[PDB]
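Trainee: Mind having a look at this structure? Questions to follow.
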Amino acid sequence: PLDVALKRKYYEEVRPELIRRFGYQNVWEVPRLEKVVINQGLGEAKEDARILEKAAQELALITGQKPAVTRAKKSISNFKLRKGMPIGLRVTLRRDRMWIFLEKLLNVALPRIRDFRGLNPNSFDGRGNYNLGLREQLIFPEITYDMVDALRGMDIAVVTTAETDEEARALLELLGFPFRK
Amino acid sequence: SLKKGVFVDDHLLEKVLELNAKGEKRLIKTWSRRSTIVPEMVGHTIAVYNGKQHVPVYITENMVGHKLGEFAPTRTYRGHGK
Amino acid sequence: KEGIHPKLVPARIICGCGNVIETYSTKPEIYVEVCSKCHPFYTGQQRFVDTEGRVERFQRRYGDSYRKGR
Amino acid sequence: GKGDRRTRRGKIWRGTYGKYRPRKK
Amino acid sequence: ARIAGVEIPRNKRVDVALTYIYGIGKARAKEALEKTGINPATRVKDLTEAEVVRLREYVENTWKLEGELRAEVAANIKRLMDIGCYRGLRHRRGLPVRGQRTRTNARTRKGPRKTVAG
RNA sequence: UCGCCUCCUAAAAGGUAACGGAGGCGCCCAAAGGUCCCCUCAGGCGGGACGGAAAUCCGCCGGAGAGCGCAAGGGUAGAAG
RNA sequence: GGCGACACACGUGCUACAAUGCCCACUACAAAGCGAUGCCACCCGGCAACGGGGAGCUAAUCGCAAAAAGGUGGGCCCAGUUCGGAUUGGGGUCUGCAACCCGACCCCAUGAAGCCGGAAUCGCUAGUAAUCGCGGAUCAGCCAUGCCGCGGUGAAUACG
Ligand SMILES: [Mg+2]
Ligand SMILES: [Mg+2]
Ligand SMILES: [Mg+2]
Ligand SMILES: [Mg+2]
Ligand SMILES: [Mg+2]
Ligand SMILES: [Mg+2]
Ligand SMILES: [Mg+2]
């Protein structure tokens, strides 16, 4: 079952705090952070695979899980690309790995961002989910800087069993999500 | 850039101070940027001369080393054919 | 699953101001300059400066010469 | 760098003295 | 070594490598390593980790630099936004701030020539 | 203009003419074929670095308005996709 | 207030794009001129501009000035780079009643364009061209990179 500090920190701190803040009557009504899915919009690989593979192993290093290529649904002559064409990587991670990633995310990567005054508090879904943009990917501890070729980023989706975007606003706030007030 | 002087017009201040006890009216002109922004009477308007007319400039903190006439451009320019 | 992904080893990692754990990832231990959960920059707040205001200082710098006073 | 105000050479050219060109000894 | 917001300069003298930061220049450079007590002519190649830590701790603190002071500088120009002075309008029109000659020259703020012809 | 396909004229079976009203065909696919196993669209509203009316990503809603190599009709996700 | 405006065009120039070069330290070698309603030695504060003192000098007596290129030493190692200094933020100083339009310096931080110039176009035949600094006039100050002078090191080539 491994261990993971953030995982524990959820159970023996963040968990009871929610039952006090919101007064859930059932052990399941409580918001449970599950499924974090990383996505990279890779137009950069409009016509390149050796620039896509380099983005693959890069992603595999920070999540410990191979990403899968996504392909264009249609065709847009307005900005090249046809039906096929590997345009975008994406890796889904839930359980254990989702926590090990979420720790290094909050407790290493996010502060390594230039300036960085805190995650956006309006960036909430309305159904209890959160998303956040990232520029440089070198902010991850497993990335060694002197081994990159291009500064490609990623979108991150954090899904949560909360109803409102308040119960999630709370759930993540407890886990260590800096919200720029 | 003065340091031990740091001056304002005596005549601008005479008119400004004797019209500062317990309140006033914003009707107050001048003829000299030469002065300085002057704290107190911040909620005031000083019609500064730009060479042609008296432009009502308004003080709302924020300004200090900028005397007056910087808030009173003397030229117009506006455009060059375009 | 088998025969593709990188493996995840135990915990150890060096921060530029103190300590960090978890790690896993791929590397046994890595170095991190700008620490996180520690304290600097929005972690307890360390107001480096304050960015001077003119209402305060410049009214007391230009006003330091209180010769124009009254 | 005859126009850089941070050299003994630029300070010569400008004429003036300072930190990057002291008034001798 | 990721000193402030940057890390780039390797094998090239710490008194010089320091310069490669918005906020350091040349004077604060040797001032920082004499106050931290480090040899200026060193390799910059990740030498004694301790010297690097002390350097980082002093430099990154003390005075504002990198993206933070760029924000402050830009904000000092934003000062003359509101209903600002004459100097603000010069930042508005894109013309030289210090009242210089604009009949010719001033290309560093105006930009390359546009040529009207008539 | 001349042969073939689709819709209307066509009068609720079929068929039905005019130098009547509108469009297509003279190909294509060794996968776009066989079978077994899986999966479900278009859109709309939110959320998300570069990234916009559309690229990929998350979240709800969405019974078929998508798709089905090309005209049109029929058919179709309890699949033909 | 304006002559200092600025989408632009031309003239004369200054500073450069670097290693026969740049930075720092040390250490030499001039001429021609100017100054007691000034030049201001030497101390003191100051990173510095400069401020406090204060001696000498109606000046081949005292002061402006140490000339700089040079030499020695050491550091960069060819990279928009310790080349380049524009532009911009901030902090100061001095003259002046006052320096926003529109002053010169000093200091911190930024460090742009430029890696040598299209068609065209200029100067110079011996201390000459090039390169290096120095003085003076105007002048409270200064937008002088100008003008008028002074000396330092010192080419190339002229068949015709
Ligand atoms: Mg029928
Ligand atoms: Mg019938
Ligand atoms: Mg017929
Ligand atoms: Mg004129
Ligand atoms: Mg360029
Ligand atoms: Mg070069
Ligand atoms: Mg001759």
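Note that the numbers count up from 1, one per residue, in the order the chain is shown.
This deposition comes from X-ray crystallography, 3.3 Å.
Each Cβ is built from the backbone N, Cα and C atoms, and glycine gets one as well.
Positions annotated as Zn(2+) binding site by Swiss-Prot: C:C15, C:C17, C:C35, C:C38.
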Trainee: Using the recorded Zn(2+) site (C:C15, C:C17, C:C35, C:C38) as reference, state which further residues of the same chain have their Cβ within 8 Å of the centre of those residues' Cβ atoms, listed in sequence order.
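Mentor: Here the nearby residues are C:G16, C:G18, C:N19, C:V20, C:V32, C:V34, C:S36, C:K37, C:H39, C:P40.
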Trainee: State which of the following binding-site residues has the fewest other Cβ atoms within 10 Å around its Cβ: C:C35, C:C38.
Mentor: C:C38
Trainee: Using DSSP with the three-state reduction, classify C:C17 (Zn(2+) binding site) as helix, strand or coil.
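Mentor: C:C17 (Zn(2+) binding site) sits in coil per DSSP, no helix or strand.
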Trainee: Counting across all protein chains shown, how many other Cβ atoms sit within 10 Å of the Cβ of C:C15 (Zn(2+) binding site)?
Mentor: 17
Trainee: Quick one: of the binding-site residues C:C15, C:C17, C:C35, C:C38, flag those whose CB is under 6 Å from ligand 1, and say none if nothing qualifies.
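Mentor: Once distances to ligand 1 are taken from each Cβ, none falls under 6 Å.
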Trainee: Near ligand 6, which of the binding-site residues show up if the criterion is a Cβ under 6 Å from one of its atoms? Options: C:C15, C:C17, C:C35, C:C38.
Mentor: none
Trainee: Hey, does DSSP put C:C38 (Zn(2+) binding site) in a helix, a strand, or just coil?
Mentor: coil
